[PDB]
Structure formats: structure tokens, C-alpha cells
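Undergrad: Here it is: the structure, laid out below.
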Amino acid sequence: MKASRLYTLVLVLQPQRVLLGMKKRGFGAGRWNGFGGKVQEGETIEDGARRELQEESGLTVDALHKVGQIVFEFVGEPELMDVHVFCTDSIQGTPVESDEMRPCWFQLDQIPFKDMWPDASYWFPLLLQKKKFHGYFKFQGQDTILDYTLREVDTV
Ligand SMILES: Nc1[nH]c(=O)nc2c1ncn2[C@H]1C[C@H](O)[C@@H](COP(=O)(O)OP(=O)(O)OP(=O)(O)O)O1
Ligand code: NA
Ligand code: NA
């Protein structure tokens, strides 16, 4: 059995558009995603998600709603990534480029799947339908899924 590390992912989903951020530097630059990062000691997962959204995009929100959980396994990495996925309930400011992320709005008929993580093609449609989900994806490298499971759930 493997150990897991907690991460968050936040999607600012509005009726006609979604905010994504492009990772700018280091390895993995060039992919659009929601905003998030590692949960820290003592904070709830939801509070860590709010913190990462603020650090990465400049947006503050009072509340999130949990929509899914996705476990990622990478060949050659013994530690699993346990990603808790949230959507914002309202936003109150403008996104700001940081050094980790360049935020950009996308219309919901222009979701940039080819420039997102491959797994997003599977679970993000559920997110768009306002469904809740559990997923697992095993990757070889950054691009190749070797195994995955995805299930709609009534409770995350
Ligand atoms: N396959 C995948 N699909 C997806 O949709 N999001 C993924 C993903 N793999 C990783 N992520 C997300 C989870 C999280 O939001 C982010 C990874 O977090 P990071 O390691 O950048 O966190 P931190 O910035 O806290 O870490 P440090 O560099 O240690 O500060 O990418
Ligand atoms: Na962090
Ligand atoms: Na990061």
C-alpha cells in the first residue's frame, strides 16, 4: 500500500465561463488547470483550497463547495496525490498573474482540453454538469494514462 499527500484544486466556474491558470515556470509549464497546491498542517482541506486560490490567482472567496476527489499515481513515484476538487460559489475581485500561474477565462464551449491534464477530459465534463465524482488515474509521465477509474457519487 502507498502513502498519499493532500492537494487541492479549485475551479472558478461561472454560468458561461471558467477561470483556469497556465503554469509558467519549471517542469510542467504549459498546462492549464484550476488553482491549488499542497494542504498544510492544521488547516482544513477547504481552507487550504481557499488559501491556494488566493496565492495563485489573487482571488479571495468566503466559501467553496466540494465537487470531487481524484487520486493520481505516477509510474516511479511511490507517493499518491490525493486531490480534493472544489468550485467557487461567488467571486469578488479580479484574477492576477502570479509567478506560478497566468489566469485566463475560457468560455464553456472553448474548454482548452488539449492543453490541460489528460484526466480533465474525463472528470471536467462531470464538473460542468454539476455532478460530484471520485476518480483515480495512473500516469506514465505527464501525457499517458495507463489505468483510470471514474465514478459519479452522491457524496464526495
Ligand atoms: N493530473 C492532474 N490533473 C489535475 O486536474 N490536476 C492535477 C494533476 N496533477 C496535479 N494536479 C494539481 C493538483 C494541485 O492543484 C497542483 C499540484 O500542486 P503543487 O505541487 O504545485 O502544490 P504546492 O504549490 O503547494 O507545492 P510546492 O511546490 O511544494 O509549494 O496540480
Ligand atoms: Na503551497
Ligand atoms: Na505550486
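Scheme for the C-alpha cells: letters A, B, ... for chains in order shown; per-chain residue numbers from 1; ligand numbers from 1 in order shown.
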For ligand 3, collect every residue having any atom at a distance of at most 10 Å from a ligand atom (counting only C-alpha atoms and all ligand atoms); output as a ChimeraX atom specification.
TA: /A:7,23,35-38,52,55-56,99-101
Undergrad: Would you save the residues from that selection as a PDB file, in the first residue's frame, using C-alpha atoms?
TA:
```pdb
ATOM      1  CA  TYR A   7      -3.585  18.637  -2.589  1.00  0.00           C
ATOM      2  CA  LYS A  23       1.657  27.122 -15.226  1.00  0.00           C
ATOM      3  CA  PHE A  35      -5.693  26.672  -8.813  1.00  0.00           C
ATOM      4  CA  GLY A  36      -4.314  24.683  -5.927  1.00  0.00           C
ATOM      5  CA  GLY A  37      -1.429  23.093  -4.143  1.00  0.00           C
ATOM      6  CA  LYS A  38      -0.434  21.144  -1.065  1.00  0.00           C
ATOM      7  CA  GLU A  52      -4.087  28.349  -2.643  1.00  0.00           C
ATOM      8  CA  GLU A  55      -1.935  32.773  -3.505  1.00  0.00           C
ATOM      9  CA  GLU A  56      -2.165  31.538  -7.071  1.00  0.00           C
ATOM     10  CA  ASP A  99       4.743  33.637 -10.913  1.00  0.00           C
ATOM     11  CA  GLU A 100       3.137  30.190 -10.683  1.00  0.00           C
ATOM     12  CA  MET A 101       0.005  30.867 -12.769  1.00  0.00           C
TER      13      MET A 101
END
```
Undergrad: For the structure I just gave you, how does DSSP split segment 36-91 of chain A - specifically, which residues are strand (DSSP E or B)? Reply as a PDB file with N, CA, C and O atoms, in the first residue's frame.
TA:
```pdb
ATOM      1  N   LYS A  38      -0.453  22.047  -2.209  1.00  0.00           N
ATOM      2  CA  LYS A  38      -0.434  21.144  -1.065  1.00  0.00           C
ATOM      3  C   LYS A  38      -1.182  21.723   0.130  1.00  0.00           C
ATOM      4  O   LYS A  38      -1.016  22.895   0.479  1.00  0.00           O
ATOM      5  N   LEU A  64     -16.292  27.693  -0.577  1.00  0.00           N
ATOM      6  CA  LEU A  64     -16.197  26.800  -1.711  1.00  0.00           C
ATOM      7  C   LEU A  64     -17.221  25.691  -1.522  1.00  0.00           C
ATOM      8  O   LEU A  64     -17.781  25.512  -0.439  1.00  0.00           O
ATOM      9  N   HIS A  65     -17.471  24.939  -2.583  1.00  0.00           N
ATOM     10  CA  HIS A  65     -18.217  23.698  -2.455  1.00  0.00           C
ATOM     11  C   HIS A  65     -17.404  22.560  -3.046  1.00  0.00           C
ATOM     12  O   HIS A  65     -16.834  22.691  -4.133  1.00  0.00           O
ATOM     13  N   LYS A  66     -17.298  21.474  -2.297  1.00  0.00           N
ATOM     14  CA  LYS A  66     -16.530  20.332  -2.768  1.00  0.00           C
ATOM     15  C   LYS A  66     -17.298  19.593  -3.846  1.00  0.00           C
ATOM     16  O   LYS A  66     -18.484  19.288  -3.692  1.00  0.00           O
ATOM     17  N   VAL A  67     -16.605  19.274  -4.934  1.00  0.00           N
ATOM     18  CA  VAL A  67     -17.245  18.611  -6.061  1.00  0.00           C
ATOM     19  C   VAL A  67     -16.609  17.277  -6.411  1.00  0.00           C
ATOM     20  O   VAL A  67     -17.256  16.462  -7.087  1.00  0.00           O
ATOM     21  N   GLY A  68     -15.383  16.998  -5.982  1.00  0.00           N
ATOM     22  CA  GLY A  68     -14.800  15.727  -6.358  1.00  0.00           C
ATOM     23  C   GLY A  68     -13.506  15.451  -5.630  1.00  0.00           C
ATOM     24  O   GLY A  68     -12.982  16.283  -4.884  1.00  0.00           O
ATOM     25  N   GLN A  69     -13.001  14.243  -5.853  1.00  0.00           N
ATOM     26  CA  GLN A  69     -11.724  13.819  -5.310  1.00  0.00           C
ATOM     27  C   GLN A  69     -11.089  12.958  -6.379  1.00  0.00           C
ATOM     28  O   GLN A  69     -11.750  12.067  -6.928  1.00  0.00           O
ATOM     29  N   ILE A  70      -9.819  13.231  -6.678  1.00  0.00           N
ATOM     30  CA  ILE A  70      -9.095  12.490  -7.698  1.00  0.00           C
ATOM     31  C   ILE A  70      -7.753  12.076  -7.125  1.00  0.00           C
ATOM     32  O   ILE A  70      -7.026  12.921  -6.588  1.00  0.00           O
ATOM     33  N   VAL A  71      -7.434  10.788  -7.230  1.00  0.00           N
ATOM     34  CA  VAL A  71      -6.150  10.260  -6.800  1.00  0.00           C
ATOM     35  C   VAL A  71      -5.288  10.034  -8.031  1.00  0.00           C
ATOM     36  O   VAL A  71      -5.720   9.367  -8.982  1.00  0.00           O
ATOM     37  N   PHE A  72      -4.076  10.574  -8.014  1.00  0.00           N
ATOM     38  CA  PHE A  72      -3.128  10.408  -9.104  1.00  0.00           C
ATOM     39  C   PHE A  72      -1.956   9.562  -8.652  1.00  0.00           C
ATOM     40  O   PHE A  72      -1.403   9.771  -7.561  1.00  0.00           O
ATOM     41  N   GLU A  73      -1.580   8.621  -9.510  1.00  0.00           N
ATOM     42  CA  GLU A  73      -0.417   7.791  -9.317  1.00  0.00           C
ATOM     43  C   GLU A  73       0.465   7.983 -10.541  1.00  0.00           C
ATOM     44  O   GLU A  73      -0.032   7.966 -11.677  1.00  0.00           O
ATOM     45  N   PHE A  74       1.763   8.152 -10.314  1.00  0.00           N
ATOM     46  CA  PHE A  74       2.734   8.301 -11.380  1.00  0.00           C
ATOM     47  C   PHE A  74       3.715   7.147 -11.315  1.00  0.00           C
ATOM     48  O   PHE A  74       4.252   6.856 -10.243  1.00  0.00           O
ATOM     49  N   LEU A  80       1.129   8.797  -3.693  1.00  0.00           N
ATOM     50  CA  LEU A  80      -0.060   9.194  -4.444  1.00  0.00           C
ATOM     51  C   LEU A  80      -0.399  10.650  -4.165  1.00  0.00           C
ATOM     52  O   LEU A  80      -0.158  11.161  -3.062  1.00  0.00           O
ATOM     53  N   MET A  81      -0.997  11.313  -5.157  1.00  0.00           N
ATOM     54  CA  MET A  81      -1.528  12.659  -4.978  1.00  0.00           C
ATOM     55  C   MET A  81      -3.023  12.571  -4.762  1.00  0.00           C
ATOM     56  O   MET A  81      -3.746  12.143  -5.659  1.00  0.00           O
ATOM     57  N   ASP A  82      -3.488  12.965  -3.588  1.00  0.00           N
ATOM     58  CA  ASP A  82      -4.904  12.924  -3.261  1.00  0.00           C
ATOM     59  C   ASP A  82      -5.451  14.342  -3.407  1.00  0.00           C
ATOM     60  O   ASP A  82      -5.230  15.198  -2.538  1.00  0.00           O
ATOM     61  N   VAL A  83      -6.118  14.598  -4.534  1.00  0.00           N
ATOM     62  CA  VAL A  83      -6.531  15.941  -4.919  1.00  0.00           C
ATOM     63  C   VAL A  83      -8.006  16.141  -4.606  1.00  0.00           C
ATOM     64  O   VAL A  83      -8.879  15.459  -5.157  1.00  0.00           O
ATOM     65  N   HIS A  84      -8.294  17.108  -3.746  1.00  0.00           N
ATOM     66  CA  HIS A  84      -9.660  17.456  -3.394  1.00  0.00           C
ATOM     67  C   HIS A  84     -10.089  18.653  -4.222  1.00  0.00           C
ATOM     68  O   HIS A  84      -9.426  19.695  -4.206  1.00  0.00           O
ATOM     69  N   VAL A  85     -11.173  18.483  -4.986  1.00  0.00           N
ATOM     70  CA  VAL A  85     -11.580  19.424  -6.021  1.00  0.00           C
ATOM     71  C   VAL A  85     -12.787  20.207  -5.531  1.00  0.00           C
ATOM     72  O   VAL A  85     -13.771  19.616  -5.074  1.00  0.00           O
ATOM     73  N   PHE A  86     -12.727  21.532  -5.679  1.00  0.00           N
ATOM     74  CA  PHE A  86     -13.760  22.448  -5.232  1.00  0.00           C
ATOM     75  C   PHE A  86     -14.132  23.381  -6.367  1.00  0.00           C
ATOM     76  O   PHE A  86     -13.330  23.666  -7.261  1.00  0.00           O
ATOM     77  N   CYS A  87     -15.347  23.917  -6.296  1.00  0.00           N
ATOM     78  CA  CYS A  87     -15.758  25.043  -7.120  1.00  0.00           C
ATOM     79  C   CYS A  87     -16.113  26.227  -6.231  1.00  0.00           C
ATOM     80  O   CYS A  87     -16.579  26.048  -5.103  1.00  0.00           O
ATOM     81  N   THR A  88     -15.906  27.430  -6.755  1.00  0.00           N
ATOM     82  CA  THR A  88     -16.227  28.641  -6.015  1.00  0.00           C
ATOM     83  C   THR A  88     -17.728  28.895  -6.036  1.00  0.00           C
ATOM     84  O   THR A  88     -18.428  28.551  -6.988  1.00  0.00           O
TER      85      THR A  88
END
```
Undergrad: Please identify all polymer residues within 12 Å of residue 113 of chain A, counting only C-alpha atoms, omitting same-chain residues fewer than 4 positions from it, and present them as a list in words.
TA: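 With the cut-off at 12 Å, the set is residues 20, 31, 32, 33, 106, 108, 109, 117, 118, 119, 120, 121, 122, 123, 124 and 125 of chain A.
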Undergrad: Can you list every residue in segment 28-74 of chain A that DSSP puts in helix (DSSP H, G or I), as number ranges by chain?
TA: A: 45-57
Undergrad: Write the residues of the preceding selection, restricted to N, CA and C atoms, as a PDB file, in the first residue's frame.
TA:
```
ATOM      1  N   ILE A  45      -9.014  21.008   4.636  1.00  0.00           N
ATOM      2  CA  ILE A  45      -8.816  20.950   3.194  1.00  0.00           C
ATOM      3  C   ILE A  45      -9.469  22.150   2.507  1.00  0.00           C
ATOM      4  N   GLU A  46     -10.687  22.519   2.924  1.00  0.00           N
ATOM      5  CA  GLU A  46     -11.352  23.651   2.286  1.00  0.00           C
ATOM      6  C   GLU A  46     -10.583  24.941   2.523  1.00  0.00           C
ATOM      7  N   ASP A  47     -10.035  25.113   3.721  1.00  0.00           N
ATOM      8  CA  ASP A  47      -9.274  26.333   3.970  1.00  0.00           C
ATOM      9  C   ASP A  47      -7.970  26.350   3.180  1.00  0.00           C
ATOM     10  N   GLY A  48      -7.332  25.189   3.008  1.00  0.00           N
ATOM     11  CA  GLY A  48      -6.155  25.145   2.163  1.00  0.00           C
ATOM     12  C   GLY A  48      -6.485  25.468   0.718  1.00  0.00           C
ATOM     13  N   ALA A  49      -7.661  25.037   0.257  1.00  0.00           N
ATOM     14  CA  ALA A  49      -8.081  25.343  -1.110  1.00  0.00           C
ATOM     15  C   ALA A  49      -8.305  26.843  -1.277  1.00  0.00           C
ATOM     16  N   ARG A  50      -8.929  27.481  -0.283  1.00  0.00           N
ATOM     17  CA  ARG A  50      -9.125  28.930  -0.351  1.00  0.00           C
ATOM     18  C   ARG A  50      -7.787  29.655  -0.351  1.00  0.00           C
ATOM     19  N   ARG A  51      -6.849  29.192   0.477  1.00  0.00           N
ATOM     20  CA  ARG A  51      -5.535  29.820   0.550  1.00  0.00           C
ATOM     21  C   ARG A  51      -4.797  29.713  -0.780  1.00  0.00           C
ATOM     22  N   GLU A  52      -4.801  28.523  -1.387  1.00  0.00           N
ATOM     23  CA  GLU A  52      -4.087  28.349  -2.643  1.00  0.00           C
ATOM     24  C   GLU A  52      -4.721  29.179  -3.752  1.00  0.00           C
ATOM     25  N   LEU A  53      -6.048  29.276  -3.760  1.00  0.00           N
ATOM     26  CA  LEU A  53      -6.697  30.121  -4.754  1.00  0.00           C
ATOM     27  C   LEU A  53      -6.211  31.562  -4.631  1.00  0.00           C
ATOM     28  N   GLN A  54      -6.106  32.062  -3.400  1.00  0.00           N
ATOM     29  CA  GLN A  54      -5.663  33.435  -3.201  1.00  0.00           C
ATOM     30  C   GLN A  54      -4.206  33.594  -3.604  1.00  0.00           C
ATOM     31  N   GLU A  55      -3.353  32.663  -3.179  1.00  0.00           N
ATOM     32  CA  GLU A  55      -1.935  32.773  -3.505  1.00  0.00           C
ATOM     33  C   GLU A  55      -1.716  32.689  -5.007  1.00  0.00           C
ATOM     34  N   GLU A  56      -2.445  31.806  -5.673  1.00  0.00           N
ATOM     35  CA  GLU A  56      -2.165  31.538  -7.071  1.00  0.00           C
ATOM     36  C   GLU A  56      -2.874  32.479  -8.023  1.00  0.00           C
ATOM     37  N   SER A  57      -4.075  32.940  -7.696  1.00  0.00           N
ATOM     38  CA  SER A  57      -4.851  33.746  -8.625  1.00  0.00           C
ATOM     39  C   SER A  57      -5.147  35.147  -8.126  1.00  0.00           C
TER      40      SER A  57
END
```
